[PDB]
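1. sequence isn't available, so here's the structure alone:
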DNA sequence: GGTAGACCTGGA
DNA sequence: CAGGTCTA
Ligand SMILES: [Zn+2]
């Protein structure tokens, strides 16, 4: 899921779990658990803790318990559901948090690609994977100034810059491509080649793109099809080791 | 400073 | 491959 989707998950999941106390934690694919290293320690520590909050950082969900925070990343196909312990688990369910009221928080992921880290709450923010995470794209902490500072100091393409989690939190392939189209900037442009005007425009479109979604695509996945703004066929190449979609007329 | 190995599997 | 974010 994308940042706006994760924000939706955060908003909807919270009332379904807040105030519930963990009685058990069941793990069917240990590799999802990244900290503590031992999935049995991960399970043991959460037992007895009550869910107090749910926050989001980039595409990470941060479950706040009594003493610990649980940091979760769904990647592209991970999903959470709250349901009765009395009903059969859905396919590809890898982690289940059982509450004292007979309900469960279930983590499902066909790709088995998601990750979970648990730390003492006061430590979460200075440990992986949240450590070094850039500012929220919708926050004043993410400004044209910050973006310009990173752009000038690098020799990478502008797309690689925006894909860097330390520059800005949770900006993935789709929104990078969409934002660059809307900014009129070729993805393969060196970041340092961007004028001050291009940086300002890019920041504005980044915020608008992500901001509108949290509340139709121009280029992503539309290769071979006419540009919605000029009718030129959208093209697809590889930039920063990724599938990259752009209009060779609208973007320069 | 980077780029790239690692993780996973359904469908090209 | 298609995805993202970590560790090497
Ligand atoms: Zn166009």
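-> The structure has been received and is ready for your questions. Residues are numbered from 1 along each chain as shown, chains lettered A, B, ... in the order given.

2. give me every residue that touches the residue of the stretch 51-200 of chain A found nearest DNA strand C.
-> Per CB to the nearest atom of the strand, the residue of the stretch 51-200 of chain A with the smallest distance to DNA strand C is residue A:172, at 2.0 Å. Using the backbone N, CA and C atoms, a C-beta is placed for each residue, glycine as well. Neighbour list for residue A:172: A:2-3, A:59, A:163 [criterion: CB atoms under 8 Å, 6 or more residues apart in numbering].

3. and the gap between the residue nearest the centre of chain A and residue A:134?
-> In chain A, the centroid-proximal residue (CA atoms, centre = their mean) is residue A:59; its distance is 2.1 Å. Going from residue A:59 to residue A:134 by CB to CB, to the nearest Å gives 12 Å.

4. identify the contacts common to the two.
-> With CB under 8 Å, 6+ apart as the test, residue A:59 and residue A:134 both reach residue A:169.

5. what are the buried residues along stretch A:33-51?
-> Neighbour counts over stretch A:33-51 (16 or more other CB atoms under 10 Å) mark A:33-35, A:39, A:42-43, A:45-46, A:49, A:51 as buried.

6. can you narrow those residues to ones near the ion?
-> Contacts with the ion are made by none of the buried residues of stretch A:33-51, judged by CB under 5 Å from the ion.

7. hang on, the earlier thing: what is the nearest of the contacts of residue A:172 to DNA strand B?
-> Comparing the contacts of residue A:172 against DNA strand B with CB to the nearest atom of the strand places residue A:163 closest, at 8.1 Å.

8. now intersect the buried residues of stretch A:33-51 with the helices, please.
-> Within the buried residues of stretch A:33-51, residues falling in helices by DSSP state H are A:39, A:42-43, A:45-46.

9. distance to DNA strand C added to those, as CSV?
-> Output for those, formatted as CSV (distance: CB to the nearest atom of the strand, whole Å):
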residue, distance to DNA strand C
A:39, 17
A:42, 16
A:43, 21
A:45, 19
A:46, 20
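
10. tabulate those residues (a markdown table), appending distance to residue A:247.
-> Listed next are those as a markdown table, based on distance: CB to CB, whole Å:
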| residue | distance to residue A:247 |
| --- | --- |
| A:39 | 47 |
| A:42 | 46 |
| A:43 | 50 |
| A:45 | 51 |
| A:46 | 48 |
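
11. and residue A:1, what is it in contact with?
-> Residues in contact with residue A:1 (CB under 8 Å, 6+ apart) are A:9, A:59, A:74, A:76, A:78-79.

12. can you pick the most crowded of the residues you listed?
-> In terms of neighbours by other CB atoms under 10 Å, those top out with residue A:78 at 25 neighbours.

13. just checking, that one touches residue A:115?
-> No: look at residue A:78 against residue A:115 with CB atoms under 8 Å: they stay out of range, at 9.1 Å.

14. which residue does the stretch 101-250 of chain A have closest to DNA strand B?
-> Counting by CB to the nearest atom of the strand, the stretch 101-250 of chain A gets nearest DNA strand B through residue A:154, at 3.3 Å.

15. list phi and psi for the residue lying closest to that residue once chain neighbours are set aside.
-> In this structure, residue A:154 finds its nearest non-sequential neighbour in residue A:191, 5.2 Å apart by CB to CB, 6 or more residues apart in numbering. Phi and psi for residue A:191, reported as degrees, to the nearest 10, are phi -60, psi -40.

16. tally of neighbours for residue A:191?
-> Here the number of neighbours of residue A:191 (other CB under 10 Å) works out to 24.

17. show me what contacts it?
-> A:150-152, A:154-158, A:160-161 are the contacts of residue A:191 under CB under 8 Å, 6+ apart.

18. where neighbours are concerned, which of those residues has the most?
-> residue A:158 (29 neighbours).

19. how close does that one get to residue A:208?
-> Distance of residue A:158 to residue A:208, computed by CB to CB: 17 Å.

20. for residue A:73, give me phi and psi.
-> Given degrees, to the nearest 10, the pair of backbone angles that residue A:73 has is phi -120, psi 120.
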